[PDB]
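Structural overview
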Amino acid sequence: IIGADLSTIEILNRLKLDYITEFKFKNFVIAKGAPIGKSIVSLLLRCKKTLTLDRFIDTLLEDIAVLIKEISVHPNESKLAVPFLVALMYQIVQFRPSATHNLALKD
Amino acid sequence: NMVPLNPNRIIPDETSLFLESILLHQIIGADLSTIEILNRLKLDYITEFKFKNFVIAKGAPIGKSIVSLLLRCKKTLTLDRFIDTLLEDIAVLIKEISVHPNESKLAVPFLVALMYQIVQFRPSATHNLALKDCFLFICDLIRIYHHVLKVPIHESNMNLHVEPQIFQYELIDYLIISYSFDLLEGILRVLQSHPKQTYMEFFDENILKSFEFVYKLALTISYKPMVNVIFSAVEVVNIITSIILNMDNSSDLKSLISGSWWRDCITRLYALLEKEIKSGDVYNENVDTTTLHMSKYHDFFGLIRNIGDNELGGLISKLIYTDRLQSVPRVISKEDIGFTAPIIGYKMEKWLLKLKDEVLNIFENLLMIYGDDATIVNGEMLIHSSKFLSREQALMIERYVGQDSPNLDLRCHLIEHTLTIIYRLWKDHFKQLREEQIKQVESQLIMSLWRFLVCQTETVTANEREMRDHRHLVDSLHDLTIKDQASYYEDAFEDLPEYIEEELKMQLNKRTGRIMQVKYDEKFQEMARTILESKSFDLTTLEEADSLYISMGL
Amino acid sequence: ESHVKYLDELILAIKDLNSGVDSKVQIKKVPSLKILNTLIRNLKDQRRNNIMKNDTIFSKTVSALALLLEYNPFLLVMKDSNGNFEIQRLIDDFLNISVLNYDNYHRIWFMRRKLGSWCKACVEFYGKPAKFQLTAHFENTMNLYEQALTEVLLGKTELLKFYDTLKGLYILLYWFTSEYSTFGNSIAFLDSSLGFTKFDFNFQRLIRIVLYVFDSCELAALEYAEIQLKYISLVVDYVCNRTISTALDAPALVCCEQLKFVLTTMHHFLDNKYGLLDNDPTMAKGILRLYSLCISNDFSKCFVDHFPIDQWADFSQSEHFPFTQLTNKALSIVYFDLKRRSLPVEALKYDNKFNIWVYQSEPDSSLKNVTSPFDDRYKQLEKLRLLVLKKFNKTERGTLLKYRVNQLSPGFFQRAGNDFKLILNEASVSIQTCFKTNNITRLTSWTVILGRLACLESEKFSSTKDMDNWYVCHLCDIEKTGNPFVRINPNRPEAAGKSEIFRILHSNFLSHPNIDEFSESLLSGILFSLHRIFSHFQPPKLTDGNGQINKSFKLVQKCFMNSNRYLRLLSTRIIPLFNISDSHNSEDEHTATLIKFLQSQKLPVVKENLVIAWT
Ligand SMILES: [Zn+2]
């Protein structure tokens, strides 16, 4: 993003979450003190080999959406990952609008 | 009748595949990927590094600087330029991480393994001058990391084993040395994959000089040897002699070669081949230079082969705190490592038997190089190879037949192959074979021939029936092997049409005879016959040969 | 049929021109060589359409040629004076028959292993004037086939010429994808050992080249699917045989890069909807074999990295996975096993229908091919599947002696089993009852079991051990350096004094009235058993004075002057066991006994084990 020093993924590498001691939605295991952007890039490289473009997109959309979701719904949790997750998801959406699917847009 | 093309051939971006393989590259044993471990690394002594827009700050994440370089040069370069860009940049990185007194070098093994993954991914595009630069970098890198392969044979009487029992620095530089020699092996096999017209760009004198120093450093004499790097160092020479054989302009290479390089290699090869392989003291620390013993404090896999159990696997992960940015190593108390199964010892014996096979293999290869005679085609490959053949037959018969270890077949294939190493040296290279050295080995040569000439009697086998009882006695392990292969891992091994289990009840039986040391193959019996019977040298007289024929009958 | 009698006379005609005696290899060119026309006829009666489909009369047809080349190594190196030896003309003509029989795995394995015999040991008589004259020619026709591989990109390629170009490429791959035993160091790219050859990287080049060719071509032919399954069969066969291939554990690989190559190769294969054909288990076999390699080792994470499966799920259909039904079933089983070891075992439970652990399945069924067999006599397939199902169960581990006693006395361990004296009871009642004269094999199996079980009896007082945790011997099967006879114990237990297995041994074997004819097999086996017992145990007194050789020193005399050299060299090994004891050889009387025994053999063939026995 325009203004910060590091890249968005690299800032996510400096992120953990010490209240949700484990997260997993669909082979998206995040441990307690795990590097969150490391779990992102695990998902990224894993779904790169497998999916085509739109399936890769909406996979990232729903997974980071569930990520933002349970980072939000917690009382003691700080939500510092959430703006970078939203901006990341924006970059995900707007890159190729031709392949981005409208039900994923709706969700 | 022409097959139709694909109008939308999705050629994948090969540098994207290469980049993805870099990013997900993880060594076998550690938790995190190699790039992520590099993300967990800083360097608080070099307060700034930069070579070619490769800025690394003081507390900067090192693998973050790597991936900055990666993503930057991905958009710009083609494949080979991307490769050798990474090669020289990470080389300069390893260089000034090395040349500093207070600096820890924990990034260096992962950088070397990373660079190995860089090299070996596409050898087709990897450029040979980059191979030369990286190669000389690893050679003088190992002469920087000098004191690892020069720990003395014995400790002093007051060399106390009171110690903090630390293993982290030892693990660092053992991985440095081992991955370095592994990378040398990788450079030379990808250089081997480069075509048979394109070697003089790689080869000059400095290649041979640097490798000659590090080879004497590797196959050491007055120091404790690392069996790991012995494997690599002899596989290097294998690749060297192989491409010398498989090029047309071997003359420029051998004219670059001084014979001192040969006769300094061959002595260490002889001293290696005159060692022993015993399972009960592999993982013991014992007398030197007789027992290739694969020390407990360096026991992992390695980059090419998976040489041990990798007991150090999770210790590679516990080298780092994984929740923290650091450069100092996370703790490994040294003796927490270490009774269930000596199958570990048996597979380590399997590796070492393949090693001695490679030693006699490159002996074979260099004889085929010098079909003509030279300083090193000089007769000592009658002496040393005959000593090896004789000992691995005699205590084969004394110790091994009936020991039902899986290594028996390869250990008696060693003698089967070094018989031919004796044989073609005898027939095709008789001109140099001096009258003195045959008398230096007159007992063992003729006796080793006679241990095949005794196998033309053929009064053990003669049938099918009792031979399979004998392979229940000694060769139940190959029965397990062939039942597992016939039950899982072979397409042709099901619904056998009564001609192919006929081949089985031929070949398992000749194999278990070859284990039982009677009934070798008749061609090997003939090759032992046509040296002793041959009148090229007076091995026996006729009134002494019948004294050996009576020891079969005849 | 009518010429199988001709082949039966033909092998006799081959064995007729052997030599004046039974000693014949005859490596050199003698100045009758009349078998050259028969050598020609071996392949000129081969390229024919009628009864090459028959198996055994083709097998003998090529096997008579194999025995001719076996007894005559000069036939390859005869200098067929066009430009080379005749072996280059032999290889491609051999290749014509192999490409006519490209598909039958028996017919190509049987040909390639005999070609490995024809190349590995036959060139070794000559080497450099002929080794480089054929290892160049292999890469010459390889270069020709990969050169012709590239003009199918430009589309002017033919149809059947396309086909057999791909097929000849395939067979040239398959020969060099063999193990080290078939092709040794005879060929200059397989010169390097340690699972690490010049064929490695060149093969990884050419497989990516043919992947590029498969992405270049666009063909949905049935036969193209058929030849498309062949290359993934070859890529799993290339990585299977370079494993270390141990006894009963999973065969550990050597090159994780070759692992990743085959994983990513078949993954990129499946990603492009490649290789779909009816009732074809080939891809299923490859997936199951590689998962069997990567059950629970360190390479299981490498499997889940370089072959992911998670993304083809479609849980809510009977058609669960897309491609071809049985292969998709195999994929479902692999997915199930990966899910089984991913999930904690508390979610799992074993249903005792097939006794395998299974999680809380599904709201729908979706679990029909998970545990059921699915085969049409697909025997290796269901055994792969049942190993995948069974290996998670954490059952009794595979052990050498336990497998052998389960092979011999089936279903013994429906009891305590690891209790010591009951297997002694079973072996004793077998060696008292279940033999009359037909077990000249089974009694040898019994005595090799007794030889290992006596070691197990010695392993108590070494109060920890068990039936399962003993693969091999810590004293006889492993070895250290130096003098081995220091490791043996002077005050070890006696054979007859303590070991009831030796009491059994002396009961049947050392008191049987036909020791002079057991067999060479049973004499060898009783020698092995006595070797292990006197290794782990003190032998009794050899002589009291009243003649009285103690039925085992008697066996030393019986097997020592034996006609065969093997029992000579085995009977010498048990001799130094007599040379050491306390309370038997304490004052060097068994010493002098063996001394004056060894001073009493002037027999010429017993000189070898005589001298070795001295040493
Ligand atoms: Zn034993």
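Residues numbered from 1 in each chain as written, not as in the entry; some residues may be left out. Chains lettered and ligands numbered in written order. Part of a larger assembly, values for the part shown. Heavy atoms only, no water. Residues with missing side-chain atoms left out of burial classes, pairs and counts.

Judging from the entry metadata, cryo-EM is the method by which this structure was determined, and 3.8 Å is the reported resolution.

The name the PDB entry gives chain C is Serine/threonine-protein kinase MEC1, with Saccharomyces cerevisiae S288C as the organism. The title given to this PDB entry is "Mec1-Ddc2 (wild-type) in complex with AMP-PNP".

The name that the PDB entry assigns to chain A is DNA damage checkpoint protein LCD1, with the source organism given as Saccharomyces cerevisiae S288C.

What about the overall build of chain C?
Looking only at helices and strands, one finds 25 helices and two strands in chain C. Along the first, second and third principal axes, the C-alpha set of chain C runs to 95 × 80 × 50 Å. (Helix = DSSP H or I, 4+ residues; strand = E, 2+ residues; numbered from the N terminus.)

Quick notes on the pattern of salt bridges
Tallied over the entire structure, the rule returns 40 salt bridges over all chains. Measuring nitrogen to oxygen at the nearest pair gives 3.8 Å for the salt bridge that ties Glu88(B) to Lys52(B). Of this pair, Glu88(B) sits in helix α4 (residues 79-98) while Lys52(B) sits in the loop between α2 (34-39) and α3 (62-76), and the two are 36 residues apart along the sequence. Salt-bridge contacts for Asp337(C) lead to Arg341(C); the nearest nitrogen and oxygen are separated by 2.7 Å. Linking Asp337(C) with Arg341(C), this pair stays in helix α13 (residues 325-342), spanning four residues, or about one helical turn. Taking relative accessible area as the criterion, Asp337(C) reaches 0% and is therefore assigned buried. One network of salt bridges, in which partners are shared, links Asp404(B), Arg452(C), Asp477(C) and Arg532(C). (Salt bridge = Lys/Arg side-chain N within 4 Å of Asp/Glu carboxyl O. Buried < 20%, exposed > 50% of the residue type's maximum accessible area, 1.4 Å probe, protein only.)

Remarks on the side chain of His429(B)
All names here are of chain B. Relative to the helices and strands, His429 resides in the loop between α15 (408-428) and α16 (435-440). On the basis of relative accessibility, which here comes to 6%, the residue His429 falls in the buried class. A distance of 3.5 Å separates the side chain of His429 from the backbone oxygen of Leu367, its partner in a polar contact. Discounting chain neighbours no more than four positions away, the residues touching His429 are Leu367, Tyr370, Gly371, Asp373, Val377 and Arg424. (Polar contact = N/O pair within 3.5 Å; in protein donor to acceptor, adjacent residues only side chain to side chain. Contact = heavy atoms within 4.5 Å.)

Let's talk about the interface of chain A and chain B
Taken together, the nine residues of chain A in the interface contact ten residues of chain B. Counting each side, the surface lost to burial between chain A and chain B is near 880 Å², with a carbon and sulfur contribution of 60%. Connecting chain A to chain B are one salt bridge. For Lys48(A), the salt bridge is made with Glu20(B), and the minimal N-O distance between the two is 3.0 Å. Seen at the junction of chain A and chain B, the total is one residue pair in polar contact. Take the side of chain A that touches chain B: its biggest share by element is five residues, from helix α2 (residues 36-50) of chain A. Across the side of chain A that touches chain B, the residue classes break down as four nonpolar, no polar and five charged. (Buried area = accessible area lost by both parts, 1.4 Å probe. Nonpolar A, V, L, I, M, F, W, Y, C, P; charged D, E, K, R; others polar.)

Observations regarding unusual backbone geometry
One non-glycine residue, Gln165(B), lies in the positive phi region at around 55 degrees. Mapping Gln165(B) onto the fold places it in the loop between α6 (128-144) and α7 (168-193). For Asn355(C), which is not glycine, the phi torsion reads 65 degrees and is therefore positive. Here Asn355(C) is to be found in the loop between β1 (349-350) and β2 (357-358). For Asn355(C), a relative accessible area of 43% translates into the label partly exposed.

Observations regarding the packing of aromatic side chains
All names here are of chain B. Under the counting rule described, the total for this entry stands at 49 aromatic pairs over all chains. Relative to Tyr297, the ring of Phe167 lies with its centre 6.5 Å away and its plane at 45 degrees, an arrangement referred to as tilted. One end of the pair, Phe167, is in the loop between α6 and α7; the other, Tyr297, is in the loop between α11 (259-273) and α12 (313-317), with 130 residues separating them in the sequence. Using a relative accessible area of 0% as the deciding quantity, one classes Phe167 as buried. (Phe/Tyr/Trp six-rings, centres within 6.5 Å; stacked < 30°, edge-to-face > 60°.)

Re the interface of chain B and chain C
With 112 residues of chain B at the interface, the matching set in chain C holds 109 residues. Considered class by class, the residues forming the side of chain B that touches chain C number 48 nonpolar, 29 polar and 35 charged.

Overview of the coordination of the zinc ion
Residue and element names in this part refer to chain C. In the first shell of the zinc ion, the protein supplies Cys473 (SG) and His536 (NE2), at 2.2 to 2.8 Å from the metal. Of the two residues, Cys473 sits in the loop between α17 (442-458) and α18 (495-498) while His536 sits in helix α20 (residues 520-536), which places them 63 residues apart along the sequence. Owing to a relative accessible area of 0%, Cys473 belongs among the buried residues under this scheme. On the basis of relative accessibility, which here comes to 7%, the residue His536 falls in the buried class. (Donors = N, O, S within 2.8 Å, 3.2 Å for Na, K, Ca; no water.)

Observations concerning the nonpolar core
Ranked by size, the top nonpolar core spans 381 residues in total, and within it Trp175(C) and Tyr566(C) carry the most contacts. At 14 residues, the largest contribution of residues to this core is made by α7(B). Judged by nonpolar contacts, the second largest core, of 28 residues, contains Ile30(A), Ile57(A), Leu60(A) and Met89(A). (Core = buried A, V, L, I, M, F, W, Y, C linked by side-chain atoms within 4.5 Å.)

Some details on a negative patch on the surface
All names here are of chain B. Taken together, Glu442, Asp538, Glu543, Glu544 and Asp546 make up a surface patch of like negative charges. Within the secondary structure, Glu544 is located in helix α22 (residues 542-549). Relative accessible area serves as the criterion here: at 45%, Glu544 is assigned to the partly exposed category. (Patch = residues over 30% accessible without salt bridge, like charges linked within 9 Å, V, L, I, M, F, W, Y side chains within 5 Å. Areas by Shrake-Rupley, 256 points an atom, 1.4 Å probe, with all protein chains shown as cover. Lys, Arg positive; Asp, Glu negative; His and termini not counted. Charge placed at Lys NZ, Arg CZ, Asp CG, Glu CD.)

Considering the environment of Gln258(C)
Position of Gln258(C) relative to the elements: it lies in helix α10 (residues 256-271). Distance from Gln258(C) to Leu68(C), taken between C-alpha atoms, is 38 Å for residues 190 residues apart in sequence.

Things to note about the packing of helix α17 (residues 443-453) of chain B against helix α21 (residues 522-532) of chain B
Residues and elements named next belong to chain B. Closest axis-to-axis distance for the α17/α21 pair is 8 Å, and the angle between their directions is 135 degrees. When the axis of α17 is compared with that of α21, the two are oblique. Like other packed secondary-structure pairs, α17 and α21 cross with a definite hand, here left-handed. Each of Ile446, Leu449, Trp450, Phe452 and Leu453 in α17 lies in contact with α21, whose residues at this interface are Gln525, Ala528, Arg529, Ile531 and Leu532. Classifying every residue of the contact of α17 with α21 by side-chain character gives eight nonpolar, one polar and one charged. (Axes fitted to C-alpha atoms, helices over the stretch in contact; angles between N-to-C directions. Parallel < 35°, antiparallel > 145°, perpendicular 65-115°, else oblique. Left-handed = near helix turned anticlockwise from the far one by under 90°.)

A few points about the state of the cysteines
Two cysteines, two sulfur atoms, one covalent bond between them: this is a disulfide. Residue and element names in this part refer to chain B. All chains considered together, the criterion is met by zero disulfides over all chains. Here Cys134 stays unpaired: no disulfide links it, and the sulfur of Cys139, its closest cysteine neighbor, is 9.4 Å away. Owing to a relative accessible area of 5%, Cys134 belongs among the buried residues under this scheme. (Disulfide = S-S within 2.5 Å.)

Comments concerning a nonpolar patch on the surface
Residue and element names in this part refer to chain B. A cluster of nonpolar side chains, contributed by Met158, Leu160 and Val162, occupies part of the molecular surface with about 340 Å² of accessible area. Secondary-structure assignment places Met158 in the loop between α6 and α7. Residue classification places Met158 among the exposed positions, given a relative accessible area of 59%.

Considerations on the side chain of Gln311(C)
Note that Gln311(C) resides in the loop between α12 (300-306) and α13. Taking relative accessible area as the criterion, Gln311(C) reaches 18% and is therefore assigned buried. Apart from the residues lying within four places of it in its own chain, the contact partners of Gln311(C) are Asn27(A), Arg46(A), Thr50(A) and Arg55(A).

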